[PDB]
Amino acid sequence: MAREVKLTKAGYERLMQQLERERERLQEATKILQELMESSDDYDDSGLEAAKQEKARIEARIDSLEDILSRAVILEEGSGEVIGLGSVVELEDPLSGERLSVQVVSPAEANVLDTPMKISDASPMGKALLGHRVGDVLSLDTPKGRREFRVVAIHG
């Protein structure tokens, strides 16, 4: 298990802040879990179980985050291509290791059906990406939860 992960300075400091946030959430999560154990001694309750799960969950995002960081290799500042119109961008979610491909195009070229989905220039995600390069880390709006992805490559 030895792979290098390229990140720009900004992309690196971005995963740090995320690690900082996660540790605080863990502290709060841990704290509530104990107060939840002393109270309803009976922990066969869905609550105590949902709490168990949340802490563990946070533990996961953090251990995964420390891993990514330990493999980090900082790219030069001015380096690689930039993401612009027509560019096809490959993304990885640090935690889940989920791959996501998307291509930024003009508003009228946007289409959900295309192979790498075509995203409007002025769409939320299109904005967020436009201007970034491999290594950068961006936060993208999600219904279930704002996630941060890493620019793995810009084939476009």
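All residue numbers are counted from 1 along the displayed sequence.
Asks: Given the B-factors recorded for C-alpha atoms, which segment has the greater mean, 111-119 or 65-73?
Replies: Per the deposited B-factors, the answer is 111-119.
Asks: Mean CA B-factor: is it higher for 137-145 or for 6-14?
Replies: The recorded data point to 137-145.
Asks: Between 27, 40, 53, 34, let me know which has the highest C-alpha B-factor in the entry?
Replies: By C-alpha B-factor in the record, 40 ranks first.
Asks: Go through 59, 98, 90, 49 one by one and give the residue whose Cα B-factor in the PDB entry is largest.
Replies: Each of 59, 98, 90, 49 was compared by C-alpha B-factor; the highest is 98.
Asks: Based on the deposited C-alpha B factors for this chain, I'd like to know if residue 128 is in the lowest, middle or highest third.
Replies: Middle third - that is where residue 128 ends up once the chain's C-alpha B-factors are sorted.
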